[PDB]
Amino acid sequence: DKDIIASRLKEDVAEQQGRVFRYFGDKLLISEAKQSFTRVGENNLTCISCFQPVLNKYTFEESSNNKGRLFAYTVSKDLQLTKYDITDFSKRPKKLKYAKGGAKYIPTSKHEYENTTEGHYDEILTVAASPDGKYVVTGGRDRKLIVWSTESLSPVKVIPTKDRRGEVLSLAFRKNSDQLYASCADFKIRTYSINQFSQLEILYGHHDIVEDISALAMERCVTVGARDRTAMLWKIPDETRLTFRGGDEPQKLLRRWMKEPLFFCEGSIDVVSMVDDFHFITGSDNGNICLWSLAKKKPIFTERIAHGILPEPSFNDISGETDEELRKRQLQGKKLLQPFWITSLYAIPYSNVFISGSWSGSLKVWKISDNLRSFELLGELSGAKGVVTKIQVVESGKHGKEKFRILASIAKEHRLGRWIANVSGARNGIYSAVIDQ
Amino acid sequence: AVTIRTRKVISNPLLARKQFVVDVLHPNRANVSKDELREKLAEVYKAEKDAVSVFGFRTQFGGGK
Amino acid sequence: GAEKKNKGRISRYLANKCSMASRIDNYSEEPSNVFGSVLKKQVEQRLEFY
Amino acid sequence: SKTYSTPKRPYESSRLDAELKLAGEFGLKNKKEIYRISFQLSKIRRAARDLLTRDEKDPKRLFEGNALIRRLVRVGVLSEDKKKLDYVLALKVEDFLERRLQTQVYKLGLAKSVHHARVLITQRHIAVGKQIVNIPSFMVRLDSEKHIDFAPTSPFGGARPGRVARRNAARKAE
Amino acid sequence: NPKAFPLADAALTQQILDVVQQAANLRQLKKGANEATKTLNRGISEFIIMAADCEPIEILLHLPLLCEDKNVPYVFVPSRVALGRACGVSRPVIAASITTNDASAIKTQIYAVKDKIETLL
RNA sequence: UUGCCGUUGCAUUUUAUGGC
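Residues numbered from 1 in each chain as written, not as in the entry; some residues may be left out. Chains lettered and ligands numbered in written order. Part of a larger assembly, values for the part shown. Heavy atoms only, no water.

Method of structure determination, per the deposited record: cryo-EM was used for this entry, reaching 6.0 Å resolution.

Within the PDB entry, the label attached to chain D reads 40S ribosomal protein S9-A, and the organism entered is Saccharomyces cerevisiae. Quoted verbatim from the Sequence similarities heading of the UniProt record, the comment on chain D is "Belongs to the universal ribosomal protein uS4 family." (UniProt positions renumbered as here; feature names shortened; annotations may be inferred.)

The PDB entry annotates chain C as Nucleolar protein 56 of Saccharomyces cerevisiae.

Attention now moves to the overall build of chain C. Scanning chain C from N- to C-terminus turns up 2 helices and 0 strands. Its C-alpha atoms give chain C principal-axis dimensions of about 40 × 20 × 15 Å. Entry remark: accessible area of chain C is about 4,100 Å², with carbon and sulfur atoms responsible for 52%. With 10 positive and 6 negative side-chain charges, chain C shows a separation of 14 Å between the mean positions of the two kinds. (Helix = DSSP H or I, 4+ residues; strand = E, 2+ residues; numbered from the N terminus. Areas by Shrake-Rupley, 256 points an atom, 1.4 Å probe, with all protein chains shown as cover. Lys, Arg positive; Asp, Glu negative; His and termini not counted. Charge placed at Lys NZ, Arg CZ, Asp CG, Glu CD.)

Between chain E and chain A, the residue contacts involve 28 residues of the former and 31 residues of the latter. Between chain E and chain A the total buried area reaches about 2,500 Å² when both faces are included, carbon and sulfur atoms providing 50% of it. Considering only the side of chain E, the residues that lose the most area to chain A are E:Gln14, E:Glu55 and E:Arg85, jointly responsible for 26% of the buried surface there. Linking chain E to chain A there are 5 salt bridges. Taken together, the connections running from chain E to chain A amount to 11 residue pairs in polar contact. (Contact = heavy atoms within 4.5 Å. Buried area = accessible area lost by both parts, 1.4 Å probe. Salt bridge = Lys/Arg side-chain N within 4 Å of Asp/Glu carboxyl O. Polar contact = N/O pair within 3.5 Å; in protein donor to acceptor, adjacent residues only side chain to side chain.)

To continue, consider the interface of chain A and chain C. The interface is formed by 7 residues belonging to chain A together with 6 residues belonging to chain C. Between chain A and chain C, a total of about 540 Å² is buried, with carbon and sulfur atoms accounting for 52% of that surface. Interface area lost by chain A to chain C is led by A:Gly320, A:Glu321 and A:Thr322, which between them contribute 72%. Across the chain A-chain C interface, the total number found is 0 salt bridges. Where chain A meets chain C, there are 4 residue pairs in polar contact. Tallied by class, the residues present in the side of chain A that touches chain C amount to 1 nonpolar, 3 polar and 3 charged. (Nonpolar A, V, L, I, M, F, W, Y, C, P; charged D, E, K, R; others polar.)

What follows concerns helix α1 (residues 13-26) of chain D. Residues and elements named next belong to chain D. Its 14 residues place the ends of α1 20 Å apart at the C-alpha level, agreeing with the 20 Å of an ideal helix rising 1.5 Å per residue. Listed as buried for α1 are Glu 19, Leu 22 and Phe 26. Considered in projection along α1, the buried side chains sweep an arc of 75 degrees and stay on one side of the axis. Structural note: α1 exposes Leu 20, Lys 21 and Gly 24 on the side pointing more than 90 degrees away from its buried face. (Expected span 1.5 Å × (residues − 1). Buried < 20%, exposed > 50% of the residue type's maximum accessible area, 1.4 Å probe, protein only. Arc of directions from axis to C-beta.)

Our focus in this paragraph is the pattern of salt bridges. Pairing is possible between side chains that carry opposite charge, provided their charged atoms lie close to one another. Tallied over the full model, the rule gives 35 salt bridges over all chains. The salt bridge partner of A:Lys367 is A:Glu376, with a shortest N-O separation of 3.7 Å. The exposure class assigned to A:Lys367 is buried, which follows from its relative accessible area of 10%. Between D:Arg99 and D:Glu145 there is a salt bridge, with its nearest N and O atoms 2.6 Å apart. Note that D:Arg99 is positioned in the loop between α5 (94-97) and α6 (101-108) and D:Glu145 in the loop between β2 (131-132) and β3 (148-150), a separation of 46 residues in sequence. Pair check on accessibility: D:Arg99 and D:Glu145 agree, each one buried. Overlapping salt bridges, with partners in common, bring together A:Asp163, A:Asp186, A:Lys188 and A:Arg190 in one network.

Another aspect to go through is helix α1 (residues 9-27) of chain C. For α1(C), which comprises 19 residues, the first-to-last C-alpha distance of 27 Å matches the rise-based estimate of 27 Å (1.5 Å per residue) to within 8%. Check the buried side of α1(C) and you find it contacts α2 (34-48) of chain C together with α2 (33-42) and α3 (58-61) of chain E.

Counted according to the given criterion, the structure contains 16 aromatic pairs over all chains. For the pair A:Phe244 and A:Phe280, a centre-to-centre distance of 5.3 Å together with 55 degrees between the ring planes defines the contact as tilted. A single burial state applies to A:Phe244 and to A:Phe280, both of which are buried. Each ring, one from A:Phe244 and one from A:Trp292, has its centre 6.1 Å from the other, and the planes form 50 degrees; the classification is tilted. The class of A:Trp292 is buried, set by a relative accessible area of 1%. Taken together through their ring pairs, the aromatic side chains of A:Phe301, A:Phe354, A:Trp366 and A:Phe375 make up a single cluster. The ring of A:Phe315 has A:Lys328 lying over it, and the distance from NZ or CZ to the ring centre is 3.5 Å. Here the basic side chain of D:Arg124 rests over the ring of B:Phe61, its NZ or CZ set 5.7 Å away from the ring centre. (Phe/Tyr/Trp six-rings, centres within 6.5 Å; stacked < 30°, edge-to-face > 60°. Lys NZ or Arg CZ within 6 Å of the ring centre and 35° of its normal.)

Residue and element names in this part refer to chain D. Where helix α2 (residues 31-53) contacts helix α3 (residues 59-75), the axes come no closer than 10 Å and their chain directions differ by 155 degrees. One finds that α2 runs roughly antiparallel with respect to α3. Where α2 crosses over α3, the handedness of that crossing is left-handed. Taking contact as the criterion, the partners of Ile 44, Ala 48 and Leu 51 in α2 are, on α3, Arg 61, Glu 64, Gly 65, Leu 68, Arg 71 and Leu 72. (Axes fitted to C-alpha atoms, helices over the stretch in contact; angles between N-to-C directions. Parallel < 35°, antiparallel > 145°, perpendicular 65-115°, else oblique. Left-handed = near helix turned anticlockwise from the far one by under 90°.)

Let us look at the arrangement of the chains. In this assembly, 7 pairs of chains are in contact, and the pair with the greatest number of contacts comprises chains A and E. One finds no contact linking chain B with chain C; the least C-alpha distance across the pair is 50 Å. These two, chain B and chain E, are apart from each other, with no contact and a minimum C-alpha gap of 26 Å.

With that settled, the discussion passes to the pairing of strand β13 (residues 198-203) of chain A. Residues and elements named next belong to chain A. With respect to burial, β13 is a largely interior element, 5 of its 6 residues being buried. The sheet contact formed by strand β12 (residues 189-193) and β13 spans 5 bridges and is antiparallel. Across the sheet, residue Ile 189 finds its bridge partner in β13, namely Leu 203. A loop of 4 residues connects β12 with β13, the two strands running antiparallel in sequence, and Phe 197 in this loop sits at a positive phi of about 50 degrees. (Pairing = 2+ DSSP bridges.)

We now examine the sheet that holds strand β27 (residues 402-411) of chain A. Residues and elements named next belong to chain A. Here we have 4 strands laid out as an open sheet, ordered β1-β28-β27-β26, and antiparallel in their pairing. Looking at the sheet topology across the chains shown, the edges are occupied by β1 (36-39) and β26 (387-397). Neighbour-to-neighbour, the strand axes of the sheet open up by a mean angle of 20 degrees, direction not taken into account.

It is worth spelling out the sheet that holds β12(A) at this point. All names here are of chain A. In space, the 4 strands of this open sheet follow the order β10-β11-β12-β13, with antiparallel pairing throughout. Two strands bound the open sheet, and with one partner strand each, they are β10 (171-173) and β13. Pairs of neighbouring strands in the sheet enclose a mean axial angle of 25 degrees, with direction left out of account.

So, about the side chain of A:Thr82. All names here are of chain A. One can find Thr 82 in strand β4 (residues 80-85). The class of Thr 82 is buried, set by a relative accessible area of 1%. Separated by 3.0 Å, the side chains of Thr 82 and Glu 42 make a polar contact. Look past the residues within four positions of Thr 82 in its chain and what remains in contact with it is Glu 42, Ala 72, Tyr 73, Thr 74, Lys 95, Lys 97 and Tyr 98.

With that out of the way, let us pick up the environment of A:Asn43. All names here are of chain A. Residue placement: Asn 43 occurs in the loop between β1 and β2 (45-51). Owing to a relative accessible area of 43%, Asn 43 belongs among the partly exposed residues under this scheme. Residues contacting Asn 43, with those up to four places away along its chain left out, are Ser 76, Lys 77, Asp 78 and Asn 428.

Before going further, it helps to spend a moment on empty space enclosed by the protein. Residues and elements named next belong to chain A. Estimates place the volume of the largest cavity at around 100 Å³. The wall of the largest cavity is formed by 14 residues, among which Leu 28, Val 353, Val 365, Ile 406 and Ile 435 lie closest to the centre. Looking at the lining of the largest cavity, the elements with two or more residues in it are β23 (353-355), β25 (375-382) and β27. Grouping the constituent residues of the lining of the largest cavity by class yields 13 nonpolar, 1 polar and no charged. Estimated volume of the second largest cavity: approximately 60 Å³. Lining the second largest cavity are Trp 341, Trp 359, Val 387, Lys 412, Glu 413, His 414, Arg 418, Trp 419, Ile 420, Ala 421 and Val 423. Residue composition of the lining of the second largest cavity, by class: 7 nonpolar, 1 polar and 3 charged. (1 Å grid on protein atoms, 1.4 Å probe; cavity = no way out; pocket = protein on both sides within 12 Å on 5 of 7 lines; lining within 4 Å. Points joined across faces, edges and corners; volume = space filled by probe spheres on them.)

In C-alpha cells form, the structure reads like this:
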C-alpha cells in the first residue's frame, strides 16, 4: 500500500530525481551522542573520507568489496594515509593499514611531465574514496594524484597533474560512479576517471585559486575559489557555468539594522557541499554561511558569524608596555576582533542538516527548513577542540531508524597553511559522534 | 583518453532519426577516427554501427576538441 | 666584536632578535622586561638546537 | 574593408619619432600596426564627438554613449570610475594598444621581455583559458585578463618537452 | 588615540588585500617587516601595510617613522593571519609592501587603493 | 587511543584527558 510505494519511491526515484528526500530534521535528537575523541600519531592531520557500502544499489547486487563493512581513510601532512575500520559503532575507530611515503620518493629528473614515483614528497592534502570500493585517490603538495588499492594500500597508477603549479587541493567523487573532479591551484579543474585511470577533461574558467569542490549523483560539480567571493557550478554535459557571487556590504546591512551589531565584509569563500542538485551551501572565511539556489546570483540565506568571534589578544601581550590602561587601549576596542573561519562544511546528501567546523571546538549542526529557503541552529557538539579540516557522515540501520556517525578530522594546523592563531589544547585526532534515531 | 558528448539532441520520427551535435574531446590525440567513433556512439546509444552516421566534423583551433 | 655555519647563524638570529627588542623598547612609551625574557628564551632554544 | 589608413602626412620628423618610440616600446612590427590601432581610435572618438555635440537627455546620446562606454570598458581601455562620455574623447593611443596580447603577457610576467613575449605567443604557447592564441594583436578583454597561462599542450606548460630537448636527451644519453 | 591610528575598516581591508594577492602573483610584493623597511629606505615602495594585532606592536610600529618621512602611504589591517592568507604564504606575514613598477598590470588598482588610503589618512 | 611525556580501569585490553 502507501508504505510500500513510499519506500519504493524513496529508494530510487528521489535519489535520481534530485530534490531532498531523506528528511530527518526533528527525527534526529540533537545533542545526546557518544562523543569520542581519538588520538592519532601523525602531525597535523589533513583529510578524512569515509566509504560506506550502499545497501542494494538501485536494483540489487548489494555493494562492492569482507562483504558489508564500512571504512574510512585519513591522510596527514606527514606524507602518510591510514585506512580505518569504522563500522562498529559501539567502539572507537581502528587503524587497519598504514601507508607512508617520504623523501625517497623525490623524482630525480624534476622535469614535471613525469612524477611516476609512487609515494609522495610533501604534504598530502586530500583523500577521496571510490564508490566502487576498490580505489582510494589522494593528492597534495607534490602536484600528483595517486590511486591506491583499497585494503593493502599499494599504488596502482600515478596520474601527474602536468603543470608547474598544478597543485591539487581537494578531491571529490560523484556518487555511485567513477568520474572524480579534482580542484587545483593553477585555477583549472581536472576531471578524472578511475576505471580507465585517465584524464577526461580540463575545465578552465575560474579566476582565482579554486580551493574546494563537491559533487553529487547528477553530473554537475560545484567549486569554490578563495579570494574572489564566487562559487561556480559547472554543468559538464552542457559545458557551461553558473557564477554565484557574494556581495553583502556592511554599509547596507548596517543601514538595515540601525533602524531598530558588529559585522564585516566577506573575506573568502572556503568550503562547499551540494545539498541537492538545485541548492548548495558555502562556508566562507568571515563567518558567513550561505545557502544558495540555482536560480539567483544572490544567495538565499546568508547566516552571519558562524562559530562566534575569536577571543582578543590579552592585555599583557599586545604592546609590551607596563601600565594596564595602555596595554588595554592598544586593543582599540572591538575594532580588531576577527571571526572564526568556517574550516569545513559538509551536508548529508539530499537531506536537511549540514555540519560545520572551526577551531572554536564545536561542530554546529544546522537544519534547513521545509520551504528550503532558511536554516536554524539545531545542535552544537562540544567535543573536538582543534581545527576541523573535513567532516564526513556515515550511517547505518534500516529504512526507519538511522544511526549516524559524524567523523571529523581534527588537527592543530589548517589544511593549507600553518596559520595557528590562538589554538589551546588541540591534538591530532578523529572526532566521532554516534548521533541517533 | 578521449570522450564524446552529445548535445542539442532532437528526435525526428519524420525520418525515425535522432539528430544532434557531437563534441569529441581528445587531450593529445589527433582526431577521433570516425569509424571507431561510430562504433562507440552506437555502443552508448542502442544502434547498429550501421544505423548511426556522423559527418560534419571540424577540429577547433589549437587542438583538443 | 659584539654579538659573539653553526657559529654564524646563531649570530644572525641574535642580530635580528636584537633589532626586534630595539624596536619594542624604543617605540614603546616606557618598556617592560617580559618580551626581553621571552626573546632570551627563544634564542636560548635556538642555541640548544645545537 | 580597408582598416588602416595613411595619415595626413607620412614623411615627417615628429611622426617618425612617434613610430620609433611606440614600435620600440611595445615591440611592434611595422607602421601598419600603429596605423590600425590609431585608425580605430580615431573612428571611435570621431563617433564620440557627435554624441557630445548633440544635447544631453536625447535617447541617442544616452544609450549610444552607454553602448560605447560598455564596449570600451569591455575592451578595458577605460577605467571603472570615468564612465562618462568625454573621457572617451580624452582617450589616447598608448592605453589603447597596451591591451594587446604581446604587452599584456609581458605585464603579466612569464616572458621577461616584450619581444620574447611576441615570439613565444607566435610560437603557440599562451592560451586565454582554453583557446590557444597564436596572434599578437588580440586586444584582450578585461574579464579574461587573468586567464593567461602557458597552454597545456606546450612544453612551457606541462606537456612533453620539445624536439630540441628530447633530441638532445637522445644524443646526450647515447 | 591609540598607537595604530589609521586602522582600515572592512571593505577597504578587502580591496587592499586582494590588491596584495594580485601583487604577490605578479611578483611585485615584499613580505615581512625587515624587507619592508629595506625596500622603504631604498625608496621603491608604492605603499606599505602593517598588521594591528602582532603580539609586540612596536616591531612594525617602527615603520611609520620611515614611511611618513619618505612620503609613502601606510595602512594598518586588523589581522595578521588574514594578511598572511592574502600574501599567499604559510606563516602569517605582518608587514607587506608593494614595490613600484610601471611595467605591472595592477597599476590602476594600486592607484585606486593609494588614493583611497590617502583620503583615509 | 597515541611519535614521545602526564591518567583511569576491575576482581591487566579496558578510562577519560593536556605539554611538545
